[PDB]
There are 2 protein chains.
Amino acid sequence: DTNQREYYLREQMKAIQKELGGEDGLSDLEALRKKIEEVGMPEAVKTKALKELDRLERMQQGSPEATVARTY
Amino acid sequence: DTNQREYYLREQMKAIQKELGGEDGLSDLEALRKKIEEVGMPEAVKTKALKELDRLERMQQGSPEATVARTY
């Protein structure tokens with residue numbers, strides 16, 4: 001039930017996050033987060049990929065740093 | 001008083017320019033939509049064309065990337 005309350009909270013963040021500037025998509029970073037936990041993968045490289053994803057998530061997009069971390 | 005005057009006159013003139021605009025002004029958005037919908041066309045490139053159109057619909061000017069997605 002505590003997770004229920006939390007996931008409602010972030011459902012509301014879904015709503016305003018969507019409508020606050022238009023919706024690019026299901027948030028293709030969230031598509032990457034889904035796909036990482038589908039294909040394979042070994043445990044060490046899954047940890048490395050999730051740290052790389054969280055690093056890409058909190059930087060501003062369109063940076064030349066970000067277009068390398070997405071291609072990787 | 002001067003700040004409130006500035007904001008009112010600023011968006012007044014911009015609304016004047018919008019009204020002096022019919023059919024979204026020149027409105028290259030609907031022009032490239034008509035340039036999509038009247039030729040071809042396959043189906044995955046339909047999705048690619050509509051997502052590039054939706055990336056053009058959100059941001060309008062200031063970044064190089066808006067004109068990049070226009071040309072692309």
# chains A, B, ... in the order shown; residues from 1 in each chain; ligands from 1
>>> interface_residues(of="chain B", to="chain A", cutoff="12 Å", atoms="only C-alpha atoms", output="tab-separated table (two decimals) with N, CA and C atoms, in the first residue's frame")
chain	number	residue	atom	x	y	z
B	50	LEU	N	5.88	11.82	-38.96
B	50	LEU	CA	5.01	12.45	-37.96
B	50	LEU	C	5.75	12.73	-36.66
B	51	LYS	N	6.73	11.90	-36.28
B	51	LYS	CA	7.48	12.24	-35.07
B	51	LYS	C	8.43	13.41	-35.30
B	52	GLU	N	9.00	13.53	-36.51
B	52	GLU	CA	9.81	14.72	-36.80
B	52	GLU	C	8.94	15.97	-36.86
B	53	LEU	N	7.70	15.84	-37.35
B	53	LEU	CA	6.75	16.94	-37.32
B	53	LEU	C	6.39	17.33	-35.89
B	54	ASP	N	6.24	16.34	-35.01
B	54	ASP	CA	5.89	16.64	-33.62
B	54	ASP	C	7.07	17.22	-32.86
B	55	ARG	N	8.30	16.84	-33.23
B	55	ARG	CA	9.47	17.52	-32.68
B	55	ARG	C	9.58	18.95	-33.19
B	56	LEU	N	9.05	19.22	-34.39
B	56	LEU	CA	9.01	20.59	-34.89
B	56	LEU	C	7.88	21.41	-34.26
B	57	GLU	N	6.81	20.75	-33.83
B	57	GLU	CA	5.67	21.47	-33.26
B	57	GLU	C	5.93	22.02	-31.87
B	58	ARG	N	6.85	21.43	-31.10
B	58	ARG	CA	7.03	21.86	-29.71
B	58	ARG	C	7.92	23.10	-29.63
B	59	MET	N	9.18	22.96	-30.01
B	59	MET	CA	10.09	24.09	-30.07
B	59	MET	C	9.92	24.80	-31.41
B	63	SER	N	16.84	27.24	-30.97
B	63	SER	CA	17.85	26.21	-31.10
B	63	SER	C	18.16	25.97	-32.57
B	64	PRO	N	19.40	25.57	-32.87
B	64	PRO	CA	19.68	25.03	-34.22
B	64	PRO	C	18.89	23.78	-34.54
B	65	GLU	N	18.48	23.02	-33.51
B	65	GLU	CA	17.88	21.70	-33.71
B	65	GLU	C	16.50	21.79	-34.35
B	66	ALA	N	15.79	22.91	-34.17
B	66	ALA	CA	14.48	23.07	-34.80
B	66	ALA	C	14.60	23.16	-36.32
>>> select_by_dssp(residues="chain A", states="helix (DSSP H, G or I)", output="ChimeraX atom specification")
/A:2-19,28-36,43-57,66-69
>>> calpha_fit_rmsd(fixed="chain B", moving="chain A")
10.0 Å
>>> residues_around(residues="residue B:32", least_positions_apart="4", cutoff="10 Å", atoms="only C-alpha atoms", output="ChimeraX atom specification")
/B:27-28,36-37,49,53,70
>>> write_last_selection(atoms="N, CA and C atoms", output="mmCIF file, in the first residue's frame")
data_model
loop_
_atom_site.group_PDB
_atom_site.id
_atom_site.type_symbol
_atom_site.label_atom_id
_atom_site.label_comp_id
_atom_site.auth_asym_id
_atom_site.auth_seq_id
_atom_site.Cartn_x
_atom_site.Cartn_y
_atom_site.Cartn_z
ATOM 1 N N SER B 27 2.903 29.771 -41.908
ATOM 2 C CA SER B 27 2.500 28.467 -41.361
ATOM 3 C C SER B 27 3.113 27.307 -42.154
ATOM 4 N N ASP B 28 4.437 27.185 -42.020
ATOM 5 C CA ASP B 28 5.159 26.086 -42.654
ATOM 6 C C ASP B 28 4.857 24.730 -42.023
ATOM 7 N N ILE B 36 3.686 16.141 -46.654
ATOM 8 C CA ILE B 36 3.665 14.722 -46.302
ATOM 9 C C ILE B 36 2.468 14.021 -46.933
ATOM 10 N N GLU B 37 1.269 14.564 -46.736
ATOM 11 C CA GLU B 37 0.038 13.798 -46.922
ATOM 12 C C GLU B 37 -0.384 13.625 -48.377
ATOM 13 N N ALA B 49 8.073 10.540 -40.164
ATOM 14 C CA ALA B 49 7.696 11.885 -40.584
ATOM 15 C C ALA B 49 6.813 12.565 -39.548
ATOM 16 N N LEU B 53 7.701 15.836 -37.351
ATOM 17 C CA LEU B 53 6.746 16.939 -37.319
ATOM 18 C C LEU B 53 6.387 17.325 -35.889
ATOM 19 N N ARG B 70 13.667 20.487 -39.247
ATOM 20 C CA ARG B 70 12.991 20.985 -40.443
ATOM 21 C C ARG B 70 13.632 20.446 -41.716
#
>>> atom_distance(atom1="atom CA of residue B:17", atom2="atom CA of residue B:71")
26.2 Å
>>> atom_distance(atom1="atom CA of residue B:43", atom2="atom CA of residue B:68")
22.6 Å
